[PDB]
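In the form deposited in one PDB entry, a lone chain appears below as structure tokens.
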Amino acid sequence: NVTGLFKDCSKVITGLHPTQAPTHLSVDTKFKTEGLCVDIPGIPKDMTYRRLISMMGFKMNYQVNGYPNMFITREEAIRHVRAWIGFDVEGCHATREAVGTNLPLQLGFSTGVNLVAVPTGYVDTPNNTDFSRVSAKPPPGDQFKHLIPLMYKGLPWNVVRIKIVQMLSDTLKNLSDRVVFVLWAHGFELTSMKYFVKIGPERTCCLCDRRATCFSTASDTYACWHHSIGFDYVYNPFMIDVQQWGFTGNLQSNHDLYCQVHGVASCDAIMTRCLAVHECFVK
């Protein structure tokens, strides 16, 4: 059995040299024998490759002492209803030098905010992983025709994550000590969180005794929602996937059973938080 997490999306017909392959699966077939690999003097390493690696398939089911769980129960989410922020991401597909993965394009929140990112991926090279712009195309359908101009209106991820942190801090500083992202079919939203979320042990703000909700890579410091100006990462967020609550059918059909006033990533994010409130607080 294999997973799609870290799937190599390059179009290169060969695998990697045993010294450069991250795993036994990715070593080129020529080097494989007896369940192991051999070094073959005369077959050199590749010193110019750029292999796009898929961030689809994360599983946050770790249980490590002192690290809070990201995915919480419905009952814990109910206790923190003030922290709820619906979150949905519309993506674009990898193209040209790579195929097989989706990149975040439009990031929408129940605050009505939509942020457009430059199509960016994690590209393995002979020396490291390069977080960089990649070739991409919008999904082929007509219900996503609004995404076509967005391919030319994106912001670099270093700006996008500052804006996410700023938006959440402004919305939540007077509501909660945390954020609970309310999702519907969480896979792609969790893939998108790799671009702006960091986790670890519970920390305190550097300026007050509140729990830290933000992290700054530039200073290696932590902050609550009140003191996060200039911070680039959301730290120890929480989340719940409304789709996993036993619903049959798509988000809109279930949302529309209780609500007729919400009719685009922010719109899906609004409908997700809306369906969650109606399902948890009625009956």
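In this text, residue numbers run from 1 along the sequence as written.
Unshown form solved in complex with a small molecule; subsequent notes refer to it.
J.: Spot the stretch among 100 to 108, 140 to 148, 154 to 162, 80 to 88 with residues whose non-hydrogen atoms come within 4.5 Å of the small molecule in the deposited complex.
T.: One stretch meets the cut-off, namely 80 to 88.
J.: Wondering, does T171 line up within 4.5 Å of the small molecule in the deposited complex on heavy atoms?
T.: Yes.
J.: Any of the heavy atoms of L175 lying within 4.5 Å of the small molecule in the deposited complex?
T.: Yes - in the deposited complex, heavy atoms of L175 and the small molecule come within 4.5 Å of each other.
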